[PDB]
Amino acid sequence: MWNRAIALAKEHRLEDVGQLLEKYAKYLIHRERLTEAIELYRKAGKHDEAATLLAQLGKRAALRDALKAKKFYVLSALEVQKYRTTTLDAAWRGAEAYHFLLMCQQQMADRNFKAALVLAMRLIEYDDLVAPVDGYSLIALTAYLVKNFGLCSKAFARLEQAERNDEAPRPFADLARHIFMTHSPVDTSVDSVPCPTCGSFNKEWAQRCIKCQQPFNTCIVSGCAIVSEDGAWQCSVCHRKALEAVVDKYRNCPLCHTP
Amino acid sequence: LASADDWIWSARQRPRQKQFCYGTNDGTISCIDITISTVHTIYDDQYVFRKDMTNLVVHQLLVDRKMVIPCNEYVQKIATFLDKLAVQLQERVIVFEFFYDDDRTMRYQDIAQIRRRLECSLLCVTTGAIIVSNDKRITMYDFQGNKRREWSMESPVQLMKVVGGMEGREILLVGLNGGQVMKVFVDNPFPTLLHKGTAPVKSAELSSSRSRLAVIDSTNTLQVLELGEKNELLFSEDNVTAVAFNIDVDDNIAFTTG
Amino acid sequence: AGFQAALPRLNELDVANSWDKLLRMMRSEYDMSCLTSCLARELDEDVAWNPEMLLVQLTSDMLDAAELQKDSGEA
Amino acid sequence: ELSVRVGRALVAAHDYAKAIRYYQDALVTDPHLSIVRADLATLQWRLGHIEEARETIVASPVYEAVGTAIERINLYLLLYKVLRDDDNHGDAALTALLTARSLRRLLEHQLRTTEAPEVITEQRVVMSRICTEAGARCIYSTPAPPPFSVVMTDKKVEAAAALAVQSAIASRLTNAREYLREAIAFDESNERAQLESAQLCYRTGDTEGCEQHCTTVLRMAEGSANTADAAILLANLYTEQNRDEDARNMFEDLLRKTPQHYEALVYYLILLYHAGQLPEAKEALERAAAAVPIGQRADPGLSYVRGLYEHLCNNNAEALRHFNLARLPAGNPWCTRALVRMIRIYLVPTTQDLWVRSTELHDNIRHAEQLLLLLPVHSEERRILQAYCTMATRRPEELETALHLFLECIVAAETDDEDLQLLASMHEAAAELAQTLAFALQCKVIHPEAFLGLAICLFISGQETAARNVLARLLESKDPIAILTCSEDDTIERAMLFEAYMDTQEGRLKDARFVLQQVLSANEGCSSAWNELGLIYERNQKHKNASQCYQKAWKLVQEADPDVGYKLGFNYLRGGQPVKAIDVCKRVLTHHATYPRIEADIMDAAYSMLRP
Ligand SMILES: [Zn+2]
Ligand SMILES: [Zn+2]
């Protein structure tokens, strides 16, 4: 009962306060037993270390399947919120990235390739977490599916760059040649998002105003930037927004999974 | 009961004796003796056992009461704590509760069913949750069937026994092949070390005041020690087959030797 | 006489293999297989996540994953 | 020096005609910059403009300092790469070799300038690689293919051209001998050159140079990613010499070195299936499975190996499960092969294949085509398996579509309503492509699987004589070395099985037994061959050996086939052991409960004559 153990050392203080908890935590981590250290820190009243450990578990789970990494990252974000109640929203980054890693794909499962494209373009914001090859392959896939070849070319170029990088045996070259022999690299992407201040039209996946540099928030389920709060649902747990016309089928927040 | 090579053409029991004999297809006639093995539980004076391989006979000893629970399927493991009973069947786990009617006749009611095929070496019922244990893992489930907690030990678990506590925070007692006797609180995820033995622990019980401990090793050697920061040994006696502590008296031990 | 064995359905082999539908349209012209090595095997559903229950489920699943290989006793 | 940078950032935007125009303009501005020549030639070749790339190479002034000769040899090898598709193709490589050998001046430079040790020996491995590529070019590429579009009926000059081409390719082979010995002499670290030389030694139909060189591959190819290519040839050689145990042991210790070598694992598995020692691979599979770091999802190679092992034991359900787990992620090197295996399983689930004489069939072919649509459209395997899926339906119009598809295949080789919509559209596409028979009879038998598919189409459709002709033409190639191969390809063996099936309908059985003994000496696990030899034993009334080989087949099948189980139960009934017949029929029903005629023909009489 380390939380109360440390809190108990209050009268006159003591010559020693805790510091065996850190020893047991080092023992647990060195022994490779993972979740026991998380529980030890969570009972210890130190949710930041538990959040870090859950982030490590998410990193390790990412290589096998994205859903497990998503679960561990939303868990770590919740632990950080517990610490705050006990860069601010950066604790949620690892969530949303992997959330997009599913969400875009889900919209491809529904043959709704437009919102899938916008989510794929939103995937670029987390290049540190997800592999750039993964995200840009998804971007090129979505762009090819909607027959918009401008973003398709802009993603294929990065794919070819990475393929030339890893050599220092090329299917990206064959794909680019076969897709640009017949279809020209035309960028058919309309701007249908007005800044609240300037009023100029930005792209759907804009993270900020193109000129006013005022920050934007993105739709969780469709990916498009949000500018009007008349149709902006919010989740109280994760403090994220969504659009009513596409979130009405969601009994719980798709990011943190809370009704 | 037994397996032959080819088709077993006939099998007949010896009348009025625990023995049968079967003749197979490959010209082999074999006779098998049968020794009945009994599963049993005892808490305070309540004592439950398996009769006819399908019924649970529960007997309050000091009051001389008895009733029969027809589970209708083969019973594998039984556990008992306070007014709670757990029966591990072939495909379910049934949790009964004992109660008295207006006429002061004790009755049993089945209060929980867990339709999960569970594999474990040890089973322990408690006030609101059941606990199963296999090899290294101890998993505690609620009465519906959802998991509640799990512990991974250092050695395979040989003994597991509820020694009582507050509701939802009941103590357990676990013995490991490494000689570790530990308290597994059902609310905590971290066992607390009581005894570090040099042999696998076959049986161990806690005192009524829980300030003293009796440990039976793999060599049938019993050690009773005073628990604390270091378990000060009180006495040791060899060739012990079983031990029990006095529920009502602190310093009163009863052990049966070989 | 002719007899053909009853083999499992394609969706029986994997429940979240809906890409089988999707991949059957794009391939109408040529092969884009270097782009399709990124689709996740499973898919997210519409559920709610309790933190403690989810962590317990993750711990139990990792322990079962270890014990599936540990049942053979190889070391 | 920034014109190339402009061109590269220009092709990054994926404008290819504009890149051609810009590079040609910068070439007219300065035709003495070789880098833009190379880039323009490469781009023109990649877009299918071979002639324009050749014009770019020829128009170069180059086509003496070190750099000038370096650009000379680079231009020559680039020209060869463009002309990878005869005498014309090899000339560029030969001239590159000659200029590289003259590049004497390298010796005069390095032996006195005291250059770096890395840069002294760097220009030796390159020459060895050029020689190796020349040797491989002579071995593999054939100046053979003529147009032969009907043409005037010639007396001799066509045969004169044919024998001239034969002399030409023999000369290419004997010149490749010199090229490869030069390659291995100039660099012994070229594992690829040692492999090419071993392949050449095996190629020439020799019985001495084979054991001289292509047996020494353990010393030659010590360890690399291409060791599987060495191992297949070594195993085929050993099986030709009946040195089976050495073939076992080399796989044993090579997999001891690398537990995760999935292609060598596949070769090991198919070797054991040939030897009948299938369970001996279980420890190898366990070592591969435990070779994973901490667990995790099975790698596609591991899953394919597991599925192949299950399929060879007639455990088709787990085979399908593991093969389906193999295709993830898609586009992996096994994904095409895993898909082919899945389509094969859905096509032939039992030992009985398509050449035998229906909601389960419709569901099976439906799943087969749903998987088939995952294959690349331009792939040959998809083009032949589409005909296979169409001919599976046994519908005569589908038979005609499959026949025309296979004829198209051999000719080309010589030179959820949306899913149902896609199925229907591909059916219509096959129908319209179906709207050449003598082409099968006269052309070179280059594509064996298409020949087998055409033959079984002819047999199912009713024309037995034409099927005999086309399959005899297919198997006059090797008739044996081909069966003794430790390879995944088993089209030759399936052709042998079909020949046995056809001969069983002719009233003669001696040649069928000849074929069966050949294939079973090559492959002890051929359960269908055991079944057929047992059946012809049943015709010969030799029932004891028939029952013995049926027990062999039943063991190999693992008691999961209705037809060999049916005949085994019938033999037990004739042998008067109804308990064994009841056991066999109960296994048949617990595995394939819907098989007809089983109970009413075996179980009833077994119950009736259990206690006479
Ligand atoms: Zn603005
Ligand atoms: Zn939320």
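Chains as they are written, first to last, in full-length UniProt numbering: chain A, 874 to 959, 986 to 1067, 1148 to 1238; chain B, 260 to 517; chain C, 145 to 219; chain D, 869 to 931, 953 to 974, 992 to 1009, 1011 to 1264, 1304 to 1361, 1400 to 1419, 1428 to 1471, 1510 to 1642. Using N, Cα and C, we set each Cβ at its ideal position, and we do this for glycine too.
{"Item": "Beta carbon of B:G437, beta carbon of B:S414: below 7 Å?", "Value": "yes"}
{"Item": "Measuring alpha carbon to alpha carbon, tell me which of D:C1242, D:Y1047, D:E1354 ends up nearest C:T180.", "Value": "D:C1242"}
{"Item": "Beta-carbon within less than 7 Å of B:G282's beta-carbon, same chain only, minus the 5 sequence neighbours each way: which residues are those?", "Value": "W268, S269, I288"}
{"Item": "Starting from B:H299 and walking both ways along the alpha helix (DSSP H), at which residues does that stretch end?", "Value": "No alpha helix (DSSP H) contains B:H299, which is instead part of the beta strand (DSSP E) from 299-302."}
{"Item": "Do A:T1176 and A:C1191 have their C-beta atoms within less than 7 Å of each other?", "Value": "yes"}
{"Item": "Does the distance from the CB of B:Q347 to the CB of B:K336 come in under 7 Å?", "Value": "yes"}
{"Item": "Quick one, are the C-beta atoms of B:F358 and B:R366 less than 7 Å apart?", "Value": "yes"}
{"Item": "Inspect the CB distances between the stretch 387-402 of chain B and the stretch 420-433 of chain B and report whether three or more fall short of 8 Å.", "Value": "yes"}
{"Item": "Can you tell me the Cβ-Cβ gap for A:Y1035 and A:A996, rounded? I've got them flagged as a contact below 8 Å.", "Value": "A:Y1035 to A:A996, Cβ: 14 Å. No contact."}
{"Item": "Under 9 Å Cβ-Cβ, which residues of chain C neighbour B:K406?", "Value": "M197, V200, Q201, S204"}
{"Item": "So D:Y965 is in the alpha helix (DSSP H); what residue range does that whole segment cover?", "Value": "955-971"}
{"Item": "Where C:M170 and A:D1170 are concerned, what is the direct C-alpha to C-alpha distance, given to the nearest angstrom?", "Value": "27 Å"}
{"Item": "In chain order, what residues of the same chain have a beta carbon less than 7 Å from the beta carbon of A:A910, not counting five sequence neighbours either side?", "Value": "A898, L901, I902, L926"}
{"Item": "Within 10 angstroms of the Cβ of D:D993, are there 16 or more other Cβ atoms? Answer buried if so, exposed if not.", "Value": "exposed"}
{"Item": "Beta strand (DSSP E) containing C:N155: first to last residue?", "Value": "No beta strand (DSSP E) contains C:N155, which is instead part of the alpha helix (DSSP H) from 154-157."}
{"Item": "Applying a beta-carbon distance threshold of less than 8 Å, which residues of chain A neighbour D:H882?", "Value": "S1052, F1055, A1056, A1155, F1159, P1164"}
{"Item": "What does B:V307 pair with, by DSSP beta-bridge criteria?", "Value": "B:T300, B:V317"}
{"Item": "Check each residue of the stretch 923-940 of chain A: if its Cβ is closer than 9 Å to any Cβ of chain D, include it; give the result in chain order.", "Value": "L936, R937, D938"}
{"Item": "Span of the beta strand (DSSP E) holding B:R324?", "Value": "324-329"}
{"Item": "Could you confirm whether any beta carbon from chain B is found closer than 7 Å to the beta carbon of A:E1024?", "Value": "no"}
{"Item": "Show which residues of chain C have a CB atom less than 9 Å away from the CB atom of A:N1047.", "Value": "By Cβ distance, chain C contributes nothing, its closest Cβ being about 15 Å from A:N1047, past 9 Å."}
{"Item": "Mark D:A877 as exposed unless 16 or more other C-beta atoms lie within 10 angstroms of its C-beta, in which case mark it buried.", "Value": "exposed"}
{"Item": "Compare the beta carbon distance of D:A1552 and D:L1514 with 7 Å and say whether it is the shorter of the two.", "Value": "yes"}
{"Item": "Identify every residue that forms a DSSP beta bridge with B:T283.", "Value": "B:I267"}
{"Item": "Pick from D:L1345, D:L1254, D:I1250: whose alpha carbon is nearest that of D:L1320?", "Value": "D:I1250"}
{"Item": "At which residues does the beta strand (DSSP E) containing A:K944 begin and terminate?", "Value": "Careful: A:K944 lies outside any beta strand (DSSP E), inside the alpha helix (DSSP H) at 939-958."}
{"Item": "What does D:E1306 touch in chain C if you count any residue whose Cβ is under 8 Å from its own?", "Value": "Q148, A149, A150"}
{"Item": "Using a Cβ-Cβ cut-off of 7 Å, state whether A:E912 counts as contacting chain B.", "Value": "yes"}
{"Item": "Kindly list, in the order they appear in chain A, the residues whose Cβ is closer than 8 Å to that of D:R1234.", "Value": "Under the 8 Å cutoff, chain A gives no residues; its nearest Cβ is about 16 Å from D:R1234."}
{"Item": "Kindly indicate which three-state DSSP category B:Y333 falls into: helix, strand or coil?", "Value": "coil"}
{"Item": "Report the residues of the stretch 397-426 of chain B with a CB closer than 9 Å to any CB of chain C, ordered along the chain.", "Value": "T398, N405, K406, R407, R408, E409, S411"}
{"Item": "Report yes if the C-beta of A:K1190 is less than 6 Å from at least one heavy atom of ligand 1; otherwise report no.", "Value": "yes"}
{"Item": "Would you kindly report the start and end of the unbroken alpha helix (DSSP H) that includes D:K1582?", "Value": "1573-1587"}
{"Item": "With a threshold of 6 Å, establish whether the CB of D:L1345 neighbours any heavy atom of ligand 2.", "Value": "no"}
{"Item": "Enumerate in chain order the residues of its own chain whose CB-to-CB distance from B:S392 is below 7 Å, with the five nearest sequence positions on each side excluded.", "Value": "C379, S380, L381, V416, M419"}
{"Item": "Mind pulling the chain A residues with CB within less than 8 Å of D:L915?", "Value": "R1156, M1160"}
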